[PDB]
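Trainee: Got a structure for you, written out below as structure tokens; questions coming shortly.
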Amino acid sequence: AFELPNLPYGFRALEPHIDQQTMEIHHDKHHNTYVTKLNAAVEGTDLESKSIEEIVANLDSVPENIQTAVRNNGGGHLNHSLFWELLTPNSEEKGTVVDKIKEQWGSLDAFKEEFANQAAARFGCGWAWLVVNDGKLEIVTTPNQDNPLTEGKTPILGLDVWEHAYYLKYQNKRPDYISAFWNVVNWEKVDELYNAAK
Amino acid sequence: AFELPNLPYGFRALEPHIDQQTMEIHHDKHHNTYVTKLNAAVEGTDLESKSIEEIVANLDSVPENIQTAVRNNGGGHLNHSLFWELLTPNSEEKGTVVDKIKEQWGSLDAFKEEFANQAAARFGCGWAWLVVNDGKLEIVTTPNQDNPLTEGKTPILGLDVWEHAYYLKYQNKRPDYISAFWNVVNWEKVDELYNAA
Ligand SMILES: [Mn+2]
Ligand SMILES: [Mn+2]
Numbered sequence: 002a003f004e005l006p007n008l009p010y011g012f013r014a015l016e017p018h019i020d021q022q023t024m025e026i027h028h029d030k031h032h033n034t035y036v037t038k039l040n041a042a043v044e045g046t047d048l049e050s051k052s053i054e055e056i057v058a059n060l061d062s063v064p065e066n067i068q069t070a071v072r073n074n075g076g077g078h079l080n081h082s083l084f085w086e087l088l089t090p091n092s093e094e095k096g097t098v099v100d101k102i103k104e105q106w107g108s109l110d111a112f113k114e115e116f117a118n119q120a121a122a123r124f125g126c127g128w129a130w131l132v133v134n135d136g137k138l139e140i141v142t143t144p145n146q147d148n149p150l151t152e153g154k155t156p157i158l159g160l161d162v163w164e165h166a167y168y169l170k171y172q173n174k175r176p177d178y179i180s181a182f183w184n185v186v187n188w189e190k191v192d193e194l195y196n197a198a199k
Numbered sequence: 002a003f004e005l006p007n008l009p010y011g012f013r014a015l016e017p018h019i020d021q022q023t024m025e026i027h028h029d030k031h032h033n034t035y036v037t038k039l040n041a042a043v044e045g046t047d048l049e050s051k052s053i054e055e056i057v058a059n060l061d062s063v064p065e066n067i068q069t070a071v072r073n074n075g076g077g078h079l080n081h082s083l084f085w086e087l088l089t090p091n092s093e094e095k096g097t098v099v100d101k102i103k104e105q106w107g108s109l110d111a112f113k114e115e116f117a118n119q120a121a122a123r124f125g126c127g128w129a130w131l132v133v134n135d136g137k138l139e140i141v142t143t144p145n146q147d148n149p150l151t152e153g154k155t156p157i158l159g160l161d162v163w164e165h166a167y168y169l170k171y172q173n174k175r176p177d178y179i180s181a182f183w184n185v186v187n188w189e190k191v192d193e194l195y196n197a198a
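Protein chains in written order, with the entry's author numbering: chain A, 2 to 199; chain B, 2 to 198.
Put into structure tokens, the structure is as follows:
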């Protein structure tokens with residue numbers, strides 16, 4: 002059975018970029034709900050013993066009776082699990098992926114602008130991703146709890162742009178949330194995901 | 002062409018069921034954005050001189066170039082235009098539609114139970130609606146800014162269950178938001194929409 006992972010830091014460690022109250026509710030309620038519903042769905046089946054990464058990567062192969070339940074709640078569990086580890090109070094804009102970004106986009110700023118444009122343009126609930134697509138870096142957004150893994154693209158950075166992730170602090174100002182995000186990116190975790198790619 | 006309508010009451014009117022901050026931002030930012038984007042999409046096209054009800058009812062016939070934009074922002078403008086009119090500080094649980102709910106569901110409570118259930122079960126962003134479908138009432142939910150008018154079902158009540166509609170006051174507790182909504186339903190507007198059905 003899947004478990005809610007502890008945050009790698011205190012609920013207020015990401016202030017003033019993400020507020021304590023959001024980290025608490027987002028982790029203890031929203032993510033916890035995804036875990037509950039995922040467990041109910043796969044309870045006493047083959048999937049119960051697989052990694053959430055392998056389940057989401059091979060969604061198309063999940064029994065049709067529960068496929069959507071696993072897509073949404075399995076997606077939720079993986080996405081938020083990645084998100085907690087991708088955030089840090091000790092963000093350093095350096096490493097393997099930062100260097101690769103500087104080469105491909107010309108600057109970290111130019112990449113941040115494209116990511117922020119894509120993230121703001123995602124109408125409704127979803128995520129903005131940096132992915133490795135066949136060795137190349139690409140920015141893509143997905144609806145709901147969908148994950149590029151399912152489409153054979155490895156995600157190495159994700160931003161949750163569901164309104165529950167930003168509304169208490171930023172209300173309608175999603176662009177301001179996206180700007181604050183850069184201050185708490187764990188580029189060490191980004192490098193880790195990139196290096197484990199394919 | 003399309004204008005942001007004024008609320009028919011003060012930002013504070015629906016307290017303590019819906020907070021003042023949310024009424025102001027939901028209307029002055031979120032709805033206003035739908036209007037801006039809608040005007041941009043239809044500018045210098047047939048749609049500029051049509052009712053929003055017409056456009057959303059005949060969405061499939063919008064040029065494919067701009068259909069998604071009109072769907073999302075035209076939808077936004079209709080759904081919020083309805084929503085502001087479907088709220089009031091002077092809610093009274095009586096009228097044509099309340100009587101018909103009592104007839105069909107056996108009690109207003111039975112209806113509220115189904116509505117709350119559907120509204121709570123809508124994964125992600127969307128709306129929960131009471132519709133007239135071929136002369137009969139039905140509860141349905143839509144994703145994003147989709148409206149049952151497009152499916153040929155007349156909406157007579159709507160609840161916004163996008164997180165921006167409830168997150169400031171209720172956060173994750175969507176069911177508490179849904180429960181509070183009953184205190185501010187404009188059943189006179191529900192009757193007006195049902196009669197014009
Ligand atoms: Mn989330
Ligand atoms: Mn809304």
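Where a beta carbon is used, it is the ideal one built from N, C-alpha and C, also for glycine.
1) In this structure, does DSSP put B/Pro64 in helix, strand or coil?
2) Determine the extent of the beta strand (DSSP E) in which B/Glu139 is found, giving its start and end residues.
3) Answer yes or no: does any C-beta atom of chain A fall closer than 8 Å to that of B/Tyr168?
4) Where B/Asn196 and B/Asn118 are concerned, what is the direct C-alpha to C-alpha distance, given to the nearest angstrom?
5) Please classify A/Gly107: does DSSP put it in a helix, a strand, or coil?
6) Please list, in chain order, all residues of the same chain as A/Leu79 whose beta carbon is under 7 Å from its beta carbon, the five residues on each side excluded.
7) To the nearest angstrom, report how far apart B/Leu48 and B/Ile67 are at their CA atoms.
8) B/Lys190 and B/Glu86 look like a contact to me (Cβ under 8 Å); what is the Cβ gap, rounded to whole Å?
9) With a 10 Å radius around its C-beta and 16 neighbouring C-beta atoms as the bar for buried, classify B/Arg13 as buried or exposed.
10) Taking only beta-carbon atoms, is B/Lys95 less than 8 Å away from chain A?
11) What are the start and end residues of the alpha helix (DSSP H) that includes A/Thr37?
12) Would you say the beta carbon of A/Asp161 comes nearer than 7 Å to a heavy atom of ligand 1?
13) Residues bridged to A/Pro156 by DSSP?
14) State the DSSP-derived secondary structure class of B/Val98, mapped to helix, strand or coil.
15) Just checking B/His28 against ligand 1 - is the residue's beta carbon closer than 7 Å to any of the ligand's heavy atoms?
16) What does a CB cutoff of less than 8 Å around A/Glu16 pick up in its chain, not counting 5 residues either side in sequence?
17) Helix, strand or coil: which one does DSSP assign to A/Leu48?
18) If you follow the alpha helix (DSSP H) that B/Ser180 is part of, which residue opens it and which one closes it?
19) Sorry if obvious, but does the Cβ on A/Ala181 come closer than 7 Å to a heavy atom of ligand 1?
20) Across which residues does DSSP place A/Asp192 in a beta bridge pair?
21) At the 8 Å Cβ level, is A/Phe182 part of the contact set with chain B, yes or no?
22) Following a CB-centred definition, is A/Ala129 positioned closer than 7 Å to any heavy atom of ligand 1?
23) Within 10 Å of its beta-carbon, does A/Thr69 have 16 or more other beta-carbons around it, so buried, or fewer, so exposed?
24) Give me the chain A residues within the contact set of B/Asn73, using Cβ-Cβ distance strictly less than 9 Å, ordered along the chain.
Mentor: Once the coordinates are examined:
1) By one-based count along the second sequence, residue 64 of chain B stands at place 63. If DSSP states are grouped into helix, strand and coil, B/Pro64 belongs with coil.
2) For the purposes of this step, residue 139 of chain B is taken as residue 138 along the second sequence, with counting starting at 1. If you look at B/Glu139, you'll find it in the beta strand (DSSP E) that goes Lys137 to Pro144.
3) Locating residue 168 of chain B in the second sequence gives position 167, counting from the first residue. Chain A, which has a Cβ nearer than 8 Å to the Cβ of B/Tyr168, makes this yes.
4) Position 195 of the second sequence, counted from the start, is the residue given in the question as residue 196 of chain B. Position 117 of the second sequence, counted from the start, is the residue given in the question as residue 118 of chain B. One C-alpha to the other measures close to 26 Å.
5) Residue numbering aside, residue 107 of chain A sits at position 106 when the first sequence is read from its first letter. It is coil, neither helix nor strand.
6) Taking the first residue of the first sequence as position 1, residue 79 of chain A is located at position 78. Here A/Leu79 has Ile53, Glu54, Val57 and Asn148 as same chain residues with Cβ atoms under 7 Å from its own Cβ, once five neighbours each way along the sequence are excluded.
7) Position 47 of the second sequence holds residue 48 of chain B. Position 66 of the second sequence holds residue 67 of chain B. Using only the alpha carbons, I get a separation of about 11 Å.
8) As a position in the second sequence, residue 190 of chain B is number 189, starting the count at 1. As a position in the second sequence, residue 86 of chain B is number 85, starting the count at 1. Confirmed, about 5 Å.
9) Along the second sequence, read from residue 1 onward, the residue named residue 13 of chain B stands at position 12. So B/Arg13 ends up on the exposed side.
10) Within the second sequence, residue 95 of chain B is the residue found at index 94, counting from 1. Chain A contact via Cβ: absent.
11) On the first sequence, residue 37 of chain A is found 36 positions in, with the first residue counted as 1. Where A/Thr37 is concerned, the enclosing alpha helix (DSSP H) starts and stops at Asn33 to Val43.
12) Within the first sequence, residue 161 of chain A is the residue found at index 160, counting from 1. Of the heavy atoms belonging to ligand 1, at least one sits nearer than 7 Å to the Cβ of A/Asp161.
13) Numbered from 1 along the first sequence, position 155 holds the residue referred to as residue 156 of chain A. Per the DSSP secondary-structure output, A/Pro156 pairs in a beta bridge with A/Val132.
14) As a position in the second sequence, residue 98 of chain B is number 97, starting the count at 1. The three-state reading of DSSP puts B/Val98 in helix, counting H, G and I together.
15) Residue mapping note: residue 28 of chain B aligns to position 27 of the second sequence, counting from 1. Checking the Cβ of B/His28 against ligand 1 gives no.
16) On the first sequence, residue 16 of chain A is found 15 positions in, with the first residue counted as 1. Closer than 8 Å at Cβ, skipping near neighbours: no residue.
17) For the purposes of this step, residue 48 of chain A is taken as the residue at position 47 of the first sequence. Helix, per DSSP.
18) Working through the second sequence from its first residue, we reach residue 180 of chain B at position 179. DSSP places B/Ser180 inside the alpha helix (DSSP H), whose first and last residues are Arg175 to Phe182.
19) On the first sequence, residue 181 of chain A is found 180 positions in, with the first residue counted as 1. The answer is no for A/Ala181.
20) One-based indexing of the first sequence puts residue 192 of chain A at position 191. None; A/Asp192 has no bridge partner.
21) What you label residue 182 of chain A is simply residue 181 of the first sequence in a count that begins at 1. It does not: the Cβ of A/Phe182 has no partner Cβ on chain B nearer than 8 Å.
22) As a first step, residue 129 of chain A is located in the first sequence; it is residue number 128 there, counting from the start. Checking every heavy atom of ligand 1 against the Cβ of A/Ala129, none is found closer than 7 Å.
23) As a first step, residue 69 of chain A must be located in the first sequence, where it is residue number 68. With fewer than 16 other Cβ atoms within 10 Å, it is exposed.
24) As a working mapping, residue 73 of chain B is identified with position 72 in the second sequence. Result: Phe124 and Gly125.
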